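Note sheet for the following structure.
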Amino acid sequence: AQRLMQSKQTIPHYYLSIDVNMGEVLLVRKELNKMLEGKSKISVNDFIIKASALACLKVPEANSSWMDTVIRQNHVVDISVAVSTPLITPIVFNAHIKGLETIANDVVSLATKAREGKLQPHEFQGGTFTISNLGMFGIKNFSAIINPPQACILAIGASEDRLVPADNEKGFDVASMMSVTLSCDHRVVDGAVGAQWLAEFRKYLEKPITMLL
Amino acid sequence: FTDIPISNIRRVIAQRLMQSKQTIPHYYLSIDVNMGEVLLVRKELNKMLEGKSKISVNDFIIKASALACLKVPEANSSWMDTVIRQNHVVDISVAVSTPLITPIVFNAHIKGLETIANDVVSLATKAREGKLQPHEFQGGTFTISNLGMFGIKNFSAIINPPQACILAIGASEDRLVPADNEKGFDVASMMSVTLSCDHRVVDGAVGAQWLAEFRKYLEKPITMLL
Amino acid sequence: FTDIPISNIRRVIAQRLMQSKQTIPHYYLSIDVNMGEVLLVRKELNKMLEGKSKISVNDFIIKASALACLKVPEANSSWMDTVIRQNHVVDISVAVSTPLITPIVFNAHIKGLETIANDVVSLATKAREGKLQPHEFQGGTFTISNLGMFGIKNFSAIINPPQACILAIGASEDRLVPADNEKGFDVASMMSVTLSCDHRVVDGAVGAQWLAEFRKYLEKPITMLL
Amino acid sequence: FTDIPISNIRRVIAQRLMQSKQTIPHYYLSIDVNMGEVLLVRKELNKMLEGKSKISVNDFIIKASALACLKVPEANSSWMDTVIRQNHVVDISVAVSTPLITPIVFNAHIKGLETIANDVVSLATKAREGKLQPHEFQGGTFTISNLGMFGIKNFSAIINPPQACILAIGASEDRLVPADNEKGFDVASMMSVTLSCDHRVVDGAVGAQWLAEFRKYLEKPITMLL
C-alpha cells in the first residue's frame with residue numbers, strides 16, 4: 001500500500017488509449033503453435049511482450065526512469081509481467097533480445113513459482129517496464145498504477161468482435177479489436193513521444209512480420 | 001610465357017588457403033531449400049520500409065544461419081589442440097568479392113534483420129572503397145560466401161584455419177515440383193546450399209541436424225521468431 | 001568462451017581421420033538411381049514375411065553394393081606400400097550414428113538379403129546400448145554411410161585409412177521424369193549416390209564401371225539373382 | 001588375400017597424384033549447361049562434313065573451353081613459387097581412358113573445330129595402340145576429363161601439379177524445364193559441368209566468371225565466332 005499510494009501522489013499520471021487490430025496475430029499464433037507441435041504454447045500475451053519490448057528500443061524515452069536532478073536512461077528492457085496472486089510482478093530480463101517462445105517458457109515457469117512457491121526478492125523488483133493483463137476477466141479497458149521508479153505501464157483489455165467498414169458488397173466484415181491503455185509519467189513522457197511509442201507498438205502488433213525488424 | 005611476381009597480400013592468402021585445407025579434413029554436405037516463402041516476405045518488408053533501406057535475400061540467410069548455430073552449437077565451435085573451444089556468441093563473417101575479404105558482423109544471433117542489411121552495406125562499401133581495421137575482418141566464428149550472383153548452381157568452399165564450418169550458396173533456380181493440381185505440378189524456386197565441415201569437430205549426424213534446422217527456418221520465415 | 005577438454009576417444013578418431021584425408025587423395029562421383037522397382041519389391045517381401053522381420057531400403061543397398069564389388073574387384077582392393085592388396089571376400093561396414101561407429105557385416109556377397117537385415121539390427125542395438133568387440137568394427141573392406149534419414153540430398157564422406165572406397169547415400173525424393181504419356185511425364189522417386197575413391201587404386205574409368213554396375217543391380221532387383 | 005606388386009608405371013603416377021592433392025588446395029565449382037543448341041549445330045556440320053570428318057560433342061567443349069581461357073587468362077595460368085606464371089597460349093590436354101593418359105592438343109584457341117576432331121582421334125589411336133613422346137602428353141596448360149560416356153552425372157577430378165584448373169563433364173540428361181507453353185514446360189537436355197580450381201590462383205569471383213563465360217559460349221554456337 002505504501003508504494004502504491006506514494007507512487008500516485010508523487011507521479012502525475014496521464015493516460016493514452018488506442019485500439020489494435022488482432023486479426024493478423026491470431027493467424028500467426030495458429031501457425032507457430034502448430035510449429036511448436038506441443039513443445040510450447042505461445043499465448044497472445046507472449047506477442048505483446050516482444051511487441052512492446054521492441055517498441056521500447058525504437059522509442060528509448062518511454063524506457064527511461066525518472067530520478068531527482070538526473071533522468072536515468074536504460075538501454076536494456078527488463079519487462080515485468082503482472083500476475084494475479086492471492087498480485088505480484090515477475091521480471092523477464094532482456095525482453096528485447098530473447099526469442100518469442102523462450103518468453104513463453106519464462107513466464108510459465110515464473111508464474112508457477114509465483115503462485116505455488118517463493119521467489120528470490122530481486123526476481124520481482126526493479127523492472128524497467130510493466131505490463132498488466134485483465135482481458136481474461138472481460139474488462140474492456142482500464143488504467144493502472146505505475147511503479148515508483150518506472151516511467152510507463154501498459155493496460156490491456158479483453159478482445160472482442162467489432163464491425164469494421166469494408167469494401168465488400170455488404171460494406172463490412174468482422175475483425176477482433178482490443179483496447180490498449182498506457183499510463184505515463186508526464187514529467188518524462190511528453191504527449192508527442194508517448195503517442196509515438198503507442199503508435200509504433202500498433203504497427204509492430206498489427207503485422208507480426210514486421211517484428212523481424 | 002609472361003611471369004608475374006607474387007604480391008605479399010596474396011602470399012599470406014595462399015598460405016592460409018592451402019594450410020587450412022590440408023590441416024583440416026573436410027567432408028561436405030548439400031541440400032536444396034525452397035524459396036517461395038522468403039520472396040513473399042521480402043516483398044512485404046521492402047514495401048513497408050518505404051525506401052528507408054532494402055533487405056536482400058542474403059540478409060535472411062545471415063539471421064537464419066545465425067539462429068541455427070544457437071540450436072546446434074557444435075557447428076559454431078572451434079578446434080584447438082587438447083581443448084574443443086565453444087563459442088556462445090555468433091560472429092558471422094560475410095565474404096565479398098574484392099579486387100576477397102571477409103567483413104565480420106557481430107552478434108548476428110541478436111541484432112534485428114534490418115540492422116544486418118545496414119551493417120553489411122556499410123562494411124562492404126568501406127571494404128571496396130577504403131581501409132578496414134584489422135580486427136573487423138579477423139577472427140570470425142562463422143563464414144558465409146555467396147556466389148549466386150554469377151549463376152553458379154553449386155560449389156564448395158575452403159574453411160578458415162580457426163573456424164569449424166562454412167556455407168556455400170548457389171544461384172536461385174526455377175524447377176518443376178510435383179503437386180496435386182490438375183496439371184500435377186507447379187513452378188517453385190530452389191537454391192542449393194553446400195556446407196563444409198571439419199570432421200574432427202562436426203560429425204555427420206550433428207552436421208545434418210544443423211543443415212536440416214537451417215532449412216526449416218528458411219522454408220518458413222515466420223518461424224524465425226522462434 | 002567455454003573450453004571443453006578433448007576425450008581420448010575423440011583424440012583417437014581425430015588423428016585417425018585427419019591422417020586418412022591428408023594422405024589419401026580423394027576424387028568423387030555422383031549418380032541418380034531410380035527407386036521405383038525397389039519399393040515395389042520391398043512391399044512384396046515384407047508382406048510375405050508376415051511380420052517376422054522388416055527389410056529396410058538400406059538392406060537392398062548392402063547386397064547390391066556387395067555384388068557390385070564382385071563384378072569390379074578393383075574397387076574392393078586395399079592400398080599398401082609396394083604392394084596392392086586384393087580382397088576376394090567382401091566385408092561391408094555400415095555406419096550408424098552413436099552419441100559414430102561402424103559395425104561390420106561379414107560375407108555380404110554371400111549371405112541372403114533377410115539375414116543382413118537381422119544382422120544390422122542386432123549389431124546396431126549392441127552398438128547403441130552395449131559393448132562391441134574391436135575387430136567386429138575394425139578392418140572392414142568397404143564402408144557405407146547413410147544420411148537420408150535427415151533429409152540430406154547429397155554429400156561426400158571421408159575414407160578409412162586401409163580402405164579404397166566408400167559410398168555416400170542421400171535422401172529419397174520425388175522428381176518429375178519425362179515420359180510418353182499424354183501429360184508427357186510421370187512422378188518417379190530418385191536418390192543420389194556419391195562415391196569417394198582413392199585415385200591411386202581406383203581410376204576414373206574403373207570407378208565409373210562400379211557405380212554404373214551398382215545402378216543396374218539396384219534399378220531392377222530381379223537382376224540381383226545374378 | 002591376393003597381393004599384387006605395384007608396377008613402376010603406376011608408381012610414377014602415384015607420387016604425381018600424391019603430391020598434387022596434398023600440395024595444391026582444392027575448391028570446386030559446378031553448373032548446369034543446356035546442350036540443346038549444340039546438338040542442332042552438330043547435325044548440320046556432320047551433314048556438311050559429308051563423312052569427311054566427324055565432330056563429337058566433346059569437340060565443341062575443346063574450343064569453347066579454349067576461347068573461355070582467352071577471355072579469362074587467370075584460369076589458364078600456372079602457379080610457381082614466388083611467381084605466378086602466365087600463359088598466352090592454351091595447350092589443352094584431353095584425358096582418355098587407357099588400360100589413363102593425357103594427350104595434348106596444341107593451340108586449341110586458334111585451330112578450327114574440325115581440325116581438333118582429327119587431332120583427338122589420331123592422338124587417341126596413337127595412345128591406345130602405339131607409343132607417344134613424353135612431351136606430347138606432358139606439360140599441358142589445361143586439362144579436360146570426360147566421363148559422361150559411362151553414365152556419371154557429376155564428379156570432381158584431381159588437378160595436375162603444374163596446372164591451375166581442370167574440367168569435369170557428366171552425362172547428357174533429359175530434364176523438364178519450365179516454359180510458356182500451354183503445358184508450361186518442354187523437354188530440354190542438360191549437362192552438369194564441374195570445375196576444380198587451385199584457390200591460391202583462382203579466386204571465387206574470377207572462377208565464376210570463367211565458368212559463366214564458358215556457359216554462354218556453349219548455349220549458342222553462333223557466339224564461338226567471337
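The way I read the labels, and the way they are meant: chains A, B, ... in the order of the C-alpha cells, residue 1 as the first residue of every chain, and ligand 1 as the first ligand shown, with later ones counted on from there.
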
Original post:
Tell me, which residues of segment 13-94 of chain B carry DSSP alpha helix (DSSP H), written as a VMD selection string?
Top reply: chain B and resid 13 to 23 36 to 49 57 to 71 73 to 76

Could you turn the residues from that selection into a file that holds C-alpha atoms, as a CSV table (one decimal), in the first residue's frame?
```csv
chain,number,residue,atom,x,y,z
B,13,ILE,CA,46.2,-15.7,-48.5
B,14,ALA,CA,47.7,-18.6,-50.4
B,15,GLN,CA,49.4,-19.9,-47.2
B,16,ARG,CA,46.1,-19.8,-45.3
B,17,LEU,CA,44.1,-21.4,-48.1
B,18,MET,CA,46.5,-24.3,-48.5
B,19,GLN,CA,47.2,-24.7,-44.8
B,20,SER,CA,43.6,-24.6,-43.7
B,21,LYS,CA,42.5,-27.0,-46.5
B,22,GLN,CA,45.3,-29.5,-45.8
B,23,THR,CA,45.4,-29.4,-42.0
B,36,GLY,CA,8.8,-19.5,-52.2
B,37,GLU,CA,8.0,-18.1,-48.8
B,38,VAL,CA,11.0,-15.8,-48.4
B,39,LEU,CA,10.4,-13.8,-51.6
B,40,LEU,CA,6.8,-13.2,-50.4
B,41,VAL,CA,8.1,-12.0,-47.1
B,42,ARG,CA,10.8,-9.8,-48.7
B,43,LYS,CA,8.1,-8.0,-50.8
B,44,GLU,CA,6.1,-7.1,-47.7
B,45,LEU,CA,9.1,-5.9,-45.7
B,46,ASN,CA,10.6,-3.8,-48.5
B,47,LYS,CA,7.2,-2.3,-49.3
B,48,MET,CA,6.6,-1.3,-45.6
B,49,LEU,CA,10.1,0.2,-45.3
B,57,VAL,CA,17.7,-12.3,-49.8
B,58,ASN,CA,21.3,-12.6,-48.4
B,59,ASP,CA,20.1,-10.8,-45.3
B,60,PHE,CA,17.6,-13.6,-44.5
B,61,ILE,CA,20.5,-16.1,-44.8
B,62,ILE,CA,22.5,-14.3,-42.2
B,63,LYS,CA,19.9,-14.4,-39.5
B,64,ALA,CA,18.6,-17.9,-40.4
B,65,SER,CA,22.1,-19.4,-40.2
B,66,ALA,CA,22.8,-17.5,-37.0
B,67,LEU,CA,19.8,-18.9,-35.2
B,68,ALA,CA,20.7,-22.3,-36.5
B,69,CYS,CA,24.1,-22.0,-34.8
B,70,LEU,CA,22.4,-21.4,-31.4
B,71,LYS,CA,20.2,-24.5,-31.8
B,73,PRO,CA,26.3,-25.1,-31.0
B,74,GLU,CA,28.7,-27.7,-32.3
B,75,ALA,CA,28.9,-26.1,-35.8
B,76,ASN,CA,29.6,-22.7,-34.1
```

Could you give me, as a PDB file with C-alpha atoms, in the first residue's frame, the residues within 12 Å of residue 225 of chain C, counting only C-alpha atoms and dropping anything in the same chain fewer than 4 positions from it?
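Saved result, out.pdb, follows:
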```
ATOM      1  CA  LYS C  63      23.615 -56.591 -51.177  1.00  0.00           C
ATOM      2  CA  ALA C  64      23.511 -54.526 -54.378  1.00  0.00           C
ATOM      3  CA  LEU C  67      27.559 -57.896 -55.628  1.00  0.00           C
ATOM      4  CA  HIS C 109      28.370 -61.031 -51.117  1.00  0.00           C
ATOM      5  CA  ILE C 110      27.158 -64.468 -49.957  1.00  0.00           C
ATOM      6  CA  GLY C 112      20.928 -63.541 -48.155  1.00  0.00           C
ATOM      7  CA  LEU C 113      19.097 -60.230 -48.055  1.00  0.00           C
ATOM      8  CA  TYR C 217      21.592 -54.039 -59.998  1.00  0.00           C
ATOM      9  CA  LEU C 218      19.511 -51.616 -57.933  1.00  0.00           C
ATOM     10  CA  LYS C 220      15.960 -53.882 -61.271  1.00  0.00           C
ATOM     11  CA  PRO C 221      16.005 -56.144 -58.198  1.00  0.00           C
TER      12      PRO C 221
END
```

**OP:** For residue 4 of chain D, please output as a ChimeraX atom specification all residues within 9 Å (counting only C-alpha atoms; exclusion window: fewer than 6 positions along the same chain).
**Re:** /C:82-86

Restricting it to C-alpha atoms, dump the selection as a compact mmCIF listing (two decimals), in the first residue's frame.
```txt
# COMPACT_ATOMS: atom_id res chain seq x y z
CA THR C 82 54.92 -51.51 -52.69
CA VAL C 83 52.03 -53.99 -52.97
CA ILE C 84 48.38 -53.51 -53.92
CA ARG C 85 46.34 -55.91 -51.77
CA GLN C 86 43.31 -57.57 -53.38
```

Restrict the distance test to only C-alpha atoms, flag each residue of chain B within 6 Å of chain D, and return the flagged residues as a PDB file with N, CA, C and O atoms, in the first residue's frame.
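The file below, result.pdb, is the result:
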```
ATOM      1  N   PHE B   1      54.694 -18.199 -70.692  1.00  0.00           N
ATOM      2  CA  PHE B   1      55.320 -17.008 -71.254  1.00  0.00           C
ATOM      3  C   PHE B   1      55.575 -15.953 -70.183  1.00  0.00           C
ATOM      4  O   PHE B   1      56.622 -15.950 -69.538  1.00  0.00           O
ATOM      5  N   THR B   2      54.607 -15.057 -70.006  1.00  0.00           N
ATOM      6  CA  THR B   2      54.750 -13.970 -69.047  1.00  0.00           C
ATOM      7  C   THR B   2      54.802 -14.513 -67.622  1.00  0.00           C
ATOM      8  O   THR B   2      54.080 -15.446 -67.260  1.00  0.00           O
ATOM      9  N   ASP B   3      55.675 -13.920 -66.812  1.00  0.00           N
ATOM     10  CA  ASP B   3      55.810 -14.272 -65.406  1.00  0.00           C
ATOM     11  C   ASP B   3      55.528 -13.045 -64.553  1.00  0.00           C
ATOM     12  O   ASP B   3      56.090 -11.971 -64.789  1.00  0.00           O
ATOM     13  N   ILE B   4      54.655 -13.208 -63.566  1.00  0.00           N
ATOM     14  CA  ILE B   4      54.213 -12.121 -62.703  1.00  0.00           C
ATOM     15  C   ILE B   4      54.675 -12.419 -61.281  1.00  0.00           C
ATOM     16  O   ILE B   4      54.310 -13.455 -60.718  1.00  0.00           O
ATOM     17  N   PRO B   5      55.481 -11.555 -60.664  1.00  0.00           N
ATOM     18  CA  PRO B   5      55.868 -11.778 -59.266  1.00  0.00           C
ATOM     19  C   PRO B   5      54.660 -11.734 -58.342  1.00  0.00           C
ATOM     20  O   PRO B   5      53.695 -11.004 -58.581  1.00  0.00           O
ATOM     21  N   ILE B   6      54.723 -12.528 -57.274  1.00  0.00           N
ATOM     22  CA  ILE B   6      53.611 -12.623 -56.337  1.00  0.00           C
ATOM     23  C   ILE B   6      53.629 -11.422 -55.399  1.00  0.00           C
ATOM     24  O   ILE B   6      54.695 -10.927 -55.012  1.00  0.00           O
ATOM     25  N   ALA B  14      47.413 -17.293 -49.888  1.00  0.00           N
ATOM     26  CA  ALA B  14      47.721 -18.616 -50.409  1.00  0.00           C
ATOM     27  C   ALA B  14      48.109 -19.537 -49.270  1.00  0.00           C
ATOM     28  O   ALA B  14      47.642 -20.675 -49.195  1.00  0.00           O
ATOM     29  N   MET B  18      45.884 -22.992 -48.466  1.00  0.00           N
ATOM     30  CA  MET B  18      46.470 -24.320 -48.522  1.00  0.00           C
ATOM     31  C   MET B  18      46.525 -24.939 -47.140  1.00  0.00           C
ATOM     32  O   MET B  18      46.083 -26.069 -46.947  1.00  0.00           O
ATOM     33  N   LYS B  21      43.088 -25.902 -45.737  1.00  0.00           N
ATOM     34  CA  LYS B  21      42.535 -27.024 -46.483  1.00  0.00           C
ATOM     35  C   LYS B  21      43.247 -28.326 -46.153  1.00  0.00           C
ATOM     36  O   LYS B  21      42.603 -29.363 -45.994  1.00  0.00           O
ATOM     37  N   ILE B 152      26.310 -19.512 -60.513  1.00  0.00           N
ATOM     38  CA  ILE B 152      26.823 -20.802 -60.067  1.00  0.00           C
ATOM     39  C   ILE B 152      25.708 -21.588 -59.393  1.00  0.00           C
ATOM     40  O   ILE B 152      25.072 -21.111 -58.446  1.00  0.00           O
ATOM     41  N   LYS B 153      25.464 -22.805 -59.884  1.00  0.00           N
ATOM     42  CA  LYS B 153      24.431 -23.646 -59.290  1.00  0.00           C
ATOM     43  C   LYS B 153      24.836 -24.122 -57.901  1.00  0.00           C
ATOM     44  O   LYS B 153      24.057 -24.019 -56.946  1.00  0.00           O
ATOM     45  N   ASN B 154      26.053 -24.641 -57.767  1.00  0.00           N
ATOM     46  CA  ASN B 154      26.514 -25.192 -56.501  1.00  0.00           C
ATOM     47  C   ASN B 154      28.033 -25.241 -56.520  1.00  0.00           C
ATOM     48  O   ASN B 154      28.648 -25.382 -57.580  1.00  0.00           O
ATOM     49  N   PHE B 155      28.628 -25.126 -55.335  1.00  0.00           N
ATOM     50  CA  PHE B 155      30.077 -25.142 -55.206  1.00  0.00           C
ATOM     51  C   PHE B 155      30.444 -25.482 -53.770  1.00  0.00           C
ATOM     52  O   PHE B 155      29.590 -25.546 -52.884  1.00  0.00           O
ATOM     53  N   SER B 156      31.737 -25.707 -53.552  1.00  0.00           N
ATOM     54  CA  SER B 156      32.282 -25.964 -52.228  1.00  0.00           C
ATOM     55  C   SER B 156      33.397 -24.967 -51.950  1.00  0.00           C
ATOM     56  O   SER B 156      34.132 -24.579 -52.862  1.00  0.00           O
ATOM     57  N   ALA B 157      33.523 -24.560 -50.693  1.00  0.00           N
ATOM     58  CA  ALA B 157      34.459 -23.521 -50.296  1.00  0.00           C
ATOM     59  C   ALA B 157      35.587 -24.112 -49.454  1.00  0.00           C
ATOM     60  O   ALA B 157      35.660 -25.321 -49.220  1.00  0.00           O
TER      61      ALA B 157
END
```

Subject >> Sel. of strand (DSSP E or B) residues, chain D, as a PyMOL selection string >> reply: chain D and resi 3-5+27-34+78-80+83-85+92-96+101+104-105+142-146+154-155+165-178+185-197

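Residue nearest chain A, chosen from B:54, B:11, B:111, B:131 and counting only C-alpha atoms: B:111.
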
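The spacing separating atom CA of residue 12 of chain A from atom CA of residue 67 of chain A amounts to 14.2 Å.
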
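Residue nearest residue 55 of chain B within the list B:150, B:119, B:174, B:193: B:119 [criterion: smallest interatomic distance, only C-alpha atoms].
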
**OP:** For residue 107 of chain A, list every protein, DNA or RNA residue within 10 Å, evaluated using only C-alpha atoms, and leave out those in the same chain fewer than 4 positions away; present the list as a PyMOL selection string.
**Re:** chain A and resi 45-46+80-81+83+90-92+102-103+111-113

**OP:** Kindly give the distance, in Å, that separates atom CA of residue 120 of chain D and atom CA of residue 135 of chain D, rounded to a single decimal.
**Re:** 15.9 Å

Original post:
Which chain A residues are at most 7 Å from chain B (counting only C-alpha atoms), as a list in words?
Top reply: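 Applying the cut-off to the listed atoms yields residues 32, 97, 99, 100, 101, 210, 212 and 213 of chain A.
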
Original post:
Counting only C-alpha atoms, what is within 9 Å of segment 139-141 of chain C, bar same-chain residues fewer than 6 positions away, as JSON, numbers by chain?
Top reply: {"C": [76, 77, 78, 87, 89, 90, 91, 92, 93, 102, 103, 104, 105, 106, 160, 162, 163, 164, 165]}

Original post:
Separation of atom CA of residue 130 of chain A and atom CA of residue 153 of chain A, in Å?
Top reply: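 Value for the atom CA of residue 130 of chain A-atom CA of residue 153 of chain A distance: 4.9 Å.
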